[PDB]
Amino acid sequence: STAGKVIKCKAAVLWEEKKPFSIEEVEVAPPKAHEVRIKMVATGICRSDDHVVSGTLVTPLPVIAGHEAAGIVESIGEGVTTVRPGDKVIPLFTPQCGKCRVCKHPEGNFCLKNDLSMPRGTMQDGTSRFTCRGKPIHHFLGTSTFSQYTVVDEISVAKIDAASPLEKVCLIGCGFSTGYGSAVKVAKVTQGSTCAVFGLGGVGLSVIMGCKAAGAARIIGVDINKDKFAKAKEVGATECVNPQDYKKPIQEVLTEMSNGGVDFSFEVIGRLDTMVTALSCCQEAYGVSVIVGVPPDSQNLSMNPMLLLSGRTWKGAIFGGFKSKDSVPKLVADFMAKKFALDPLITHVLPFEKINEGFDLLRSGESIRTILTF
């Protein structure tokens, strides 16, 4: 019905930094060869989309942000083989081309066709499928899910189970997969270990879930907002500490609580100072610390390399280290077999038109994940 045609629909356009999204009419072009046009069903509000608004995460403006979603294929361009009209899909903000040296490496997932490193805000071919007010509008990470319809390259979409609940499994598109994979795949948390998770939002709670699934014995949640503790204990934290309650630096407290430093520590906030604190609190000879938080653009941290020379391992990852198009359909399969839960991450559900209210809920500290429905 809309196949082959330009679609007029509503999208939340971000014209400038530090301004509310503008819900307006946009024009979405039909998919070109190897492209897929998706009707959005649900999308979650991740702190990284807020980072685009605050200027913490730099990408070309104006833009249609949103990267944690799920929808249904409206149409496909010529040559698409992996999805068909009517399929349920989750856009992949980290692509999986399958051909590059990273895609072919057993541990790499940061496909070289990404639009994260040197962001163009385009499709793979360097052009946009979005027009608003007569102007081209950038895409965001090959996804742009804050629109009733979006167009993505084939390497940036996965087909998922036909019966999945898209108002839940959109979290597999970012927050849950990132946290869970950061513990289970990137850190490789071991049975009986002690973990410290800095930041108890959606992604930090997912980290907790993966640490529990890996059989960690102690999982210490750290947050300056003590309203986050109850849910963190429900999904596995054995203790929670607020840095503001102590006179000494939290890395000291955590080192003492863990009788010399934790096995695995995770920075899931996005601050240079917690990145170093988190590295310091893991045991000096064999501790591992994983950076998951996105720090303010172009800013360097300062640290003493003696933290590493004693034996610590410091690493980071995007999307919990998962190869996105292989992993996402398996994650959905596992969710449908109830191998993990997504409901504890969802605190609020709102219609898409109330996106600004959804960002206010995140910014006030009140929500974990607001899911927006179209």
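For clarity, a rigid core is taken as the largest C-alpha set superposing within 1.5 Å between two forms. Just count from 1 along the sequence shown to find any residue number.
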property: Between 285-293 and 246-254, the one whose CA atoms sit farther away in 4 other deposited structures of this protein (rigid core aligned); result: 246-254
property: Outlying stretch relative to shown form, 51-59 versus 326-334 in 4 other deposited structures of this protein, C-alpha RMS (core); result: 51-59
property: Mean Cα B-factor comparison, 6-14 or 352-360, giving the higher one as deposited; result: 352-360
property: Mean temperature factor over C-alpha atoms, higher-scoring stretch between 90-98 and 239-247; result: 239-247
property: Residue, from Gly270, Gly201, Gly215, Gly287, that the PDB entry assigns the highest Cα B-factor; result: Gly215
property: Highest-ranked of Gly121, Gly181, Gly71, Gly192 once sorted by CA temperature factor in the record; result: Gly192
property: Ranked against its chain, the third holding the CA B-factor of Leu331; result: middle
property: Chain thirds of CA B-factor: placement of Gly311; result: lowest
property: Record-listed C-alpha B factor of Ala317: chain third; result: lowest
property: Relative C-alpha B-factor of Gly261, binned into the chain's lowest, middle or highest third; result: middle
property: Third assignment of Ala162 from its chain's C-alpha B-factors; result: highest
